[PDB]
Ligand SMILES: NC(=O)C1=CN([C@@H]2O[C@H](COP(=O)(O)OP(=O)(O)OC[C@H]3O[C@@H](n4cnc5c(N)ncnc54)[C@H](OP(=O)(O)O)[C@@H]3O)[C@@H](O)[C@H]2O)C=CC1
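The form deposited without the named molecule is given below as one chain in structure tokens.
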């Protein structure tokens, strides 16, 4: 009765999303040929499922979390009768208008998925309330409990995933509202809460935040997101090394010379620089993303492939890492480039005067155990640099004999961005006319055995839906991870080291490239 108006405005705006995602020569025919085009998985369905997204119209939820859920709906990884609930403080007039202009503008690839698009919005309902009012959680508890019992399944109760797409200052009170008014029925079901970075800003900050949530949810239920890490690149580190004797036997200090984990991004902080100015490149991606990546490379053998034995080795090996020292660190801060297409970092009005905040840093970490003593581990992240390339690179020790200068170090690389790739660099015979044994030429050998593809974030959200806690930092490791970085962070705030300038689009400060070369890395030539 309400809105035949909103029903078409939804139809027209999906078609407008496609005309600007596939630029049409003949717009008139695109709007029309794609007009009528919009015409054990045993255990998904055992019980009903509800996804509650808080901060539902915040920038994080609308632009990254709800569109993520859309991709799983099209991929068929969500149960058929899932319901999603958007939770936000501000009221909305008619919700279906809100779905078409707050949620659906940010759904990507709508020319392959557009027919599913307006079906997807039928699974989301809106709920307006406060993140601290126990009564509104009793009204939320009522609204979800009335579709849990409307469930067509064999087995009763319901499973509840609460996504806190909120700033961290709100976390402790939303987790109290769940405990006192929104826990799943004892008739059956689990509760899992996904919490978002920043998980503190140093050792004491993050122990306090984790102690605020301790009485409300244990580690079996809390899922700390690191949405820059994907399932694709974690089974590369675990399966290639631990199922294969070729790599398992060579994965130590007796054969490895240098390990570098590199995170590059071509874009700086466009207009959110003031928000970054309090973070720093270390806190943004290094302490969380690159360190969990590093945890998987250096871990001893987990005595199972169960989630908590993998996480068990992540704490054991991070506990052997000596905290970064100020001499072992180089920082940069990006300025305007000679191209002129990017303004400087300080050319942003959002950032205060004269701040020494780094947009680029490279550091050395020394793992102290039998397996890794002596091997330098190099972490590098930088904003507004030459290219967008996140990759792992391991350099094995050179076989100087007998080939001398006819061979160089074997190299294993794992790349996650822009495109996934895994390959090893080795020296092989050249099919010379006469040939020669001294005439070799380095080659690249692939290790990947190549329909909708889920990104890193979707298969992290799906990992939480399936009960897989492997790729989420857990309480003890988050603390020991912080204890690694904060002595450096404290000394940087004290100004004991200062950032070195570099213009954007360059590789970064050239003292950083010097630091890499002086710490066991050898370049092809």
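Residue numbers count along the first chain shown, from 1. Only residues modelled in both forms are compared. Heads up, when I say rigid core I mean the largest set of C-alphas that superpose within 1.5 Å between the two forms.
What follows is about the form deposited with the named molecule bound, which we do not show.
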Practice task
Answer with one of 89, 105, 122, 204: the residue that has a non-hydrogen atom within 4.5 Å of the named molecule in the deposited complex.
Solution key: 89
Fill in the blank from the handout: The one option of 181, 75, 189, 198 with any heavy atom within 4.5 Å of the named molecule in the deposited complex is 198
Exercise for the section: Check whether residue 165 has any heavy atom within 4.5 Å of a heavy atom of the named molecule in the deposited complex, and answer yes or no. Expected result: yes
Handout entry: residue 464: touches the named molecule in the deposited complex, heavy atom cutoff 4.5 angstroms
Key = no
Practice task
Please run the contact check for residue 493 against the named molecule in the deposited complex: heavy atoms, 4.5 angstroms, yes or no?
Solution key: no
Practice task
Answer yes if any heavy atom of residue 55 is within 4.5 Å of a heavy atom of the named molecule in the deposited complex; otherwise answer no.
Solution key: yes
Handout entry: Segment assignment from 251-259, 81-89, 235-243, 397-405: heavy atom within 4.5 Å of the named molecule in the deposited complex
Key = 81-89
Handout entry: Full three-residue contact with the named molecule in the deposited complex, heavy atom 4.5 Å, for 59, 171 and 227
Key = yes
Fill in the blank from the handout: Within 131-146, the residues having any heavy atom within 4.5 Å of the named molecule in the deposited complex are 131
Problem - C-alpha of residue 167 off by 2 Å or more between this form and the one not shown on rigid core - result: no
Practice task
Spell out whether the Cα of residue 513 moves at least 2 Å between this form and the one not shown when the two forms are superposed on their rigid core.
Solution key: no
Exercise for the section: Align both forms on the core first, then report whether residue 400 has a C-alpha shift of 2 Å or more between this form and the one not shown. Expected result: no
Completion exercise
Against the displayed form, residue 7 vs residue 85 by Cα, in the deposited complex, with 3 angstroms or more change: pair is farther
Handout entry: Distance trend in the deposited complex - C-alpha atoms of residue 73 and residue 33, change of 3 Å or more
Key = farther
Handout entry: Rigid-core superposition between this form and the one not shown, with residue runs of at least 3 whose C-alphas all shift by 2 Å or more
Key = 1-13, 15-39, 432-434, 451-453
